[PDB]
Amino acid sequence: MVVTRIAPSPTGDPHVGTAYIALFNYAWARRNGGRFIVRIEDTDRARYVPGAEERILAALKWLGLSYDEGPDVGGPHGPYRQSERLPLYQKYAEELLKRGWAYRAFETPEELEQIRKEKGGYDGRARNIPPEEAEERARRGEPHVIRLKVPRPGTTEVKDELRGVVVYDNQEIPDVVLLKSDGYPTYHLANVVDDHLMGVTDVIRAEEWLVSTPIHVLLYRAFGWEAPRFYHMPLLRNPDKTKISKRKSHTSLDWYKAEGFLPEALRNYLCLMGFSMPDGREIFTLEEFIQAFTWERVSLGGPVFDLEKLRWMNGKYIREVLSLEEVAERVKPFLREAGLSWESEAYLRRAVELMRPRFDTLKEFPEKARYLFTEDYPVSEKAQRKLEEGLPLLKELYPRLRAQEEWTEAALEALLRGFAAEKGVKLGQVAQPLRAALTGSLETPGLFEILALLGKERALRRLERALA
């Protein structure tokens, strides 16, 4: 059938590139009624960042993905952490040794640096060590690595499902280290052994790996295994076209979550990076994505990750895809994180409704609608100016307001409209300064809905401090 996987490396924050690739693997597996695996590639102890693994697993679930086999969901071919499979790689590295497909190299890091300076890259000198002496020197505990014994001279063909066949000259393929002197494997060894053992048949990873692929094709041969299909995706980029990175862009998924980006939108956005719906539609669900997926509709150029369009899409979701109630729920954490409180669910909901079209991130709601939840709100210089200029007519309106019994948006509007008429003045000349008195701002939702919201007492109690 079809078995795909995402093989994150726990070395930092949950990378957006990781989500991007995981999405295409998830779609392809489901579209074929296959399996989607998660394998944690923690083989480099120097770059290992404790706490990374949980964070990446949480981020994929947050985005809406699900996996069938993995670290925390079990599976027939585990463990799903390479660090727990160490003995396994040893066994296969030694098997290559016997098949004559690899050799032991004893050079120190320093000698290798020197060889690289003279000949540029390892020259395979350890191949000239009699196999018996190599084995003997190993039993003595002498530190060493196992390298892939590339067939020289020759040519190695890689088949990319998206670009056709690409020919590599074995002279372009180094005798890569398979097993490190600390007994840990290199990405190359672990990847093939594990992809094979876990049944993967469709390898989808970014294009940065295409040139390493020939090494993998040769490993599958050395073991006498069948190679899976390869699909190399384009690399997400910084605005300056360089491979996306933390110094020039936001690459951390936990950053997007903390900024109030809806996971559904971030997901939707990531799908338009190298893929597009038949009918050009750009707002769609994860389920529609799976259903429409097709390699024929994948673009191969490296897409710039545009934060502005992401904000736009996030706002589109907030106002057209989610219900008023879903938005009101997702806003709470951000209200709490801002130290604001809401009286009740009804109040919150109405507040969110009034602001729905005025914020693109959940974090912006507490910011722009602060005056609706606390009395501790800023007053813009522009709002203060408009307040003083209209102070006189607000004083003449105050008594009319205190007299008003039906505190409804409809009633209030008819009241103020009439007040502006009799005073021979545009509603705006009385509506603008009242807005500043109530909100401390000049950019808010409709006055009547804002006036009604708090209730007669609350609204007037604030209008009074303004006239004071």
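Numbers for residues come from their place in the sequence shown, where the first is 1. Think of the rigid core as the biggest set of C-alphas that the two forms share within 1.5 Å after superposition.
Checklist entry - How do 420-428 and 29-37 compare in 7 other deposited structures of this protein: which one has C-alphas farther from this form after the rigid core is matched? => result Per-stretch check in 7 other deposited structures of this protein: the more divergent one is 420-428.
Checklist entry - 39-47 versus 400-408: which one's CA atoms end up farther from this form in 7 other deposited structures of this protein after a core fit? => result If we average over structures and residues in 7 other deposited structures of this protein, the farther stretch is 400-408.
Item to check | Per the entry, higher mean C-alpha B factor between 186-194 and 381-389 | outcome: The stretch with the larger average C-alpha B-factor is 381-389.
Item to check | Average Cα temperature factor in the PDB entry - higher stretch of 157-165, 259-267 | outcome: For C-alpha atoms only, the mean B-factor is higher in 157-165.
Checklist entry - Highest Cα B-factor in the PDB entry belongs to which of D240, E207, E95, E343? => result That would be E343.
Next on the checklist: Out of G141, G74, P174, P366, whose C-alpha atom has the biggest B factor in the entry?
Outcome noted: Answer, based on the entry's C-alpha B-factors: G141.
Item to check | Among modelled residues of the same chain, the CA temperature factor third for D44 | outcome: For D44, whose C-alpha B-factor we compare with every modelled residue in the chain, the answer is the highest third.
Checklist entry - By its CA B factor, does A27 count among the lowest, middle or highest third of the modelled residues in the chain? => result As the PDB entry reports it, the C-alpha B-factor of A27 lands in the lowest third of its chain.
Checklist entry - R336's Cα B-factor: lowest, middle or highest third of the chain? => result Its C-alpha B-factor, which the entry lists for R336, ranks in the highest third among residues of this chain.
Checklist entry - When the modelled residues of the chain are sorted by Cα temperature factor, does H232 land in the lowest, middle or highest third? => result It falls in the bottom third of the chain.
Checklist entry - Lowest, middle or highest third: where is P50 by Cα B-factor in its chain? => result Answer is highest: the recorded C-alpha B-factor places it there.
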